[PDB]
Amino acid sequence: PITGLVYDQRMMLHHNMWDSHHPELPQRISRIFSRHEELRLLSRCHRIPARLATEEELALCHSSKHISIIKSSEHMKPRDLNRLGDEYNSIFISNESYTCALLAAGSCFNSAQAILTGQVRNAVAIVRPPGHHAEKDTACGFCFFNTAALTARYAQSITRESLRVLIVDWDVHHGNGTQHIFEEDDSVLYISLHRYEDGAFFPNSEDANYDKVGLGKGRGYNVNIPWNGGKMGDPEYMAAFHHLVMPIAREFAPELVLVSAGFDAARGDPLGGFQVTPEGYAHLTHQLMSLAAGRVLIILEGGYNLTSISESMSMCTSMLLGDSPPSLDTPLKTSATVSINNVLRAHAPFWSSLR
């Protein structure tokens, strides 16, 4: 098998005991996994086992106070669980939440290790809860620990400190935690496509605008592609990949590609409102596979239409296995062109491939 796959149904145990209809449902990952079975993709993949992340591994990105607070939720009573949840922005916690977050990160460490030691060429991680909103010191937006950020640091910890890692976050929401963790770092390049609406979309901050290019040594290594006033889809995302993501990524020359692969920009998602098709996600995956000698890890983030995420993530695994990209069936929305051109102007000083 060229492609690894990690999935543990124990990550379904994280659940919302008060609002059982909260969109971050346990069956998100079991519907995706079941779709891999019936498409005969699972039999083509090398099964990578899940594991728990260690506390020392969580410390690669997170503060000891944040780690201790989330760990304490393990045996907390329902009232304590409730009052802890409302301390954060959009967070629900159960007694199983901390272990599920450990499994999500540990699954991705095992997959990155399999990729970097040559056991597989690439991998897919069907994990929950998501991670890209998690900050060094706090939980946010259904995320407890930043699985993608932790995986990049773990990858560097087993190869060399300066391993060039590219994180592409095509979740419809901005990965605020991922940006802040690496903002001063030039060894991890963070590129995010996200619905922005001039700061009126979760997580509702101007940190996600195109003018935040990074800090210090990290200047030029944070690329925000913000969408405004329009329901973006395959044309807008393909155009952003052609004019921004791939030119910068090729010049960065990553040795590992991590995809914060949320599918809430998919057509049919109740939260995102965009219309990226499953074939569009296939083409995005296909392009990133040309980087880092094919060493690509696809980590599930958001995405809340069960049918959309099952077809979309299975398309990506199909591409990872080497299947040919399916054909794509609109001229670009003007505000999307305006966005792409605003990002070009912001990052032209830092990337010769943009000028």
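The first residue of the sequence shown is number 1, and the count goes up from there.
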Worksheet item: Counting the other entries of this protein, is residue 38 left out in at least a third of them?
Response: no
Worksheet item: Out of the other entries of this protein with residues modelled on both sides, is residue 329 skipped in at least a third?
Response: yes
Discussion item. Between residue 329 and residue 330, how many residues of the deposited sequence have no coordinates in this entry: none, 1 to 3, 4 to 9, or 10 or more?
Written reply: 1 to 3
Fill in: Residue stretch of maximal mean CA temperature factor, 335-343 vs 7-15
335-343
Discussion item. Tell me which stretch, 284-292 or 41-49, has the higher mean Cα B-factor listed in the entry.
Written reply: 41-49
Worksheet, complete the sentence: In this crystal structure's PDB entry, the residue among 258, 125, 191, 84 with the greatest CA B factor is 84
Worksheet entry | Residue selected from 218, 247, 230, 262 by maximal Cα B factor | 230
Worksheet entry | Within-chain third of residue 168 by Cα B-factor, per the entry | lowest
Item to complete: Going by the recorded CA B-factors, say which third of the chain residue 324 sits in, lowest, middle or highest.
Response: highest
Worksheet entry | Chain thirds of CA B-factor: placement of residue 156 | middle
Item to complete: Among all modelled residues of this chain, ranked by Cα B factor, put residue 175 in the bottom, middle or top third, i.e. lowest, middle or highest.
Response: lowest
Item to complete: Give the position of residue 141 by CA B-factor within its chain, expressed as the lowest, middle or highest third.
Response: middle
